[PDB]
Each structure stands twice: as structure tokens, then as C-alpha cells.
Amino acid sequence: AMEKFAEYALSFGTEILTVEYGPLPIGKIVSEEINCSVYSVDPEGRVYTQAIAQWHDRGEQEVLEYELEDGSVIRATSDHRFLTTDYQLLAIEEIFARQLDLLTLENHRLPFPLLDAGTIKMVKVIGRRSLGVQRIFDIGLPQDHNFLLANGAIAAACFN
Ligand SMILES: [Ca+2]
Ligand SMILES: [Ca+2]
Ligand SMILES: [Zn+2]
């Protein structure tokens, strides 16, 4: 029984897919407290949008750059959780260690069923390297605790 999650964080350059501005580095969003909407998935698999509720500058620390099978990367703390194809939110290091698949997403269109729209891909983490100390951040959302990155990966949001 998990007491709580680690206070994971994303590196400055990690781009979040915003509705109003498209891909934007989380560092910019937080540093400038940019009000915009992100895409998230609910417990029943519906993809929908929600406005950011909290902007947290987490300071700095050692971060790793994980490389995905399609060449994209995730720059974050090793314990940052992401959605897998089994629909579990697990640390990126676990996904790497166990070679699990990240569940990624490659008129009115929203909200829509995750499995019946958008190009769904099953992407493994093929490696990682250290980027040294970088500025880190996270954002809090008013509803579900996850949001889509520009590379399609679904990241866990702040639980505070
Ligand atoms: Ca694959
Ligand atoms: Ca892509
Ligand atoms: Zn936070």
C-alpha cells in the first residue's frame, strides 16, 4: 500500500501540448505562469481538456534524459510517473527497467475515447543518460492528475 508518490518533476525543456499555444516547455509555462489548457485522460478513457490550476517551480537537481523508441525524449526525475499500456501510472525508470510500453497519442473533436481517435502508439524506453543539474517543474490540474506531452506521452501531474 503506497503511502504517497515521490515528488517527481520535469526538466525545463519538456514540452507540454497546450491547446492555445501548441507545444510549450514546462519551464516557460511555470516561469511565466501561462494560463492555458492541457489534454488529459479520465478513468474511463475519455480524452478531454482542462485549464492549469497550479504552477510550481521546483528549483533544480540532477535529471535524466530518457530516449523513447521513436527517438523522442523525456527529460525528468527518474521517478516521474507516466501512463503505460496497462493504464498504470509507473515511474519512468520502472517502465525502462521492465521494458513496458508507454501509451502515447501520436467540428468538435473533444472529448473523445482515447482508443477510438488519435494515433495510439505503444512506445518503449530504450535508454537514458544524465543531463546533470537542470531547472525542474511540475503543474497542478483541477481534475485528473495527468497531461499529454508534445511527444505523445501521458505524464502524471502534481499531487502536491
Ligand atoms: Ca513499440
Ligand atoms: Ca511524435
Ligand atoms: Zn507541484
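Computation of the quantities below employed the complete heavy-atom set of this structure, encompassing side-chain atoms and omitting hydrogens, waters and symmetry-equivalent molecules. One is the number of the first residue; the rest follow in order along the sequence. Numbering of ligands and ligand atoms starts at 1, following listing order.
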Please give the atom name: the N, O or S atom of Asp138 nearest to the Zn ion (ligand 3). OD1
Looking only at non-hydrogen atoms, find the nearest pair between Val47 and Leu110 and report the distance. O-CD1, 3.5 Å
What protein N/O/S atoms sit under 3.0 Å from the Ca ion (ligand 2), by chain and number? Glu106 OE1, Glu106 OE2
Have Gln143 and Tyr48 got a donor and an acceptor in their side chains that come within less than 3.5 Å? no
Is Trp55 reaching over with its side chain to a backbone N or O of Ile34, donor-acceptor style, under 3.5 angstrom? yes
Is the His56 to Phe137 ring centre distance short of 6.0 Å? no
Would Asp101 count as a contact for the Ca ion (ligand 1), in the sense that one of its N, O or S atoms lies under 3.0 Å from it? no
Is the side chain of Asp144 donor-acceptor paired with the backbone N or O of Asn146 at a distance under 3.5 Å, no angle test? no
Closest heavy-atom contact between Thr77 and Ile92? O-CG2, 3.8 Å
Determine, for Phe5 and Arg81, whether the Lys NZ or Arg CZ falls below 6.0 Å from the six-membered ring centre while staying within 45 degrees of the axis. yes
Mind reading off the angle at the Zn ion (ligand 3) between the SG atom of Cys158 and the ND1 atom of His56, rounded to 10°? 120°
For residues 7-27, which side-chain N or O atoms pair as donor and acceptor with protein atoms under 3.5 Å away, sequence neighbours left out?
from	atom 1	to	atom 2	distance (Å)
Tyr8	OH	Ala157	O	2.8
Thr14	OG1	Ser11	O	3.2
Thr14	OG1	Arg75	O	2.9
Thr18	OG1	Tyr21	N	3.0
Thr18	OG1	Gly22	N	3.0
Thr18	OG1	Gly22	O	2.7
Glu20	OE1	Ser37	N	2.9
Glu20	OE2	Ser37	N	3.4

Do any of the N/O/S atoms of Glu7, backbone or side chain, fall under 2.8 Å from the Zn ion (ligand 3)? no
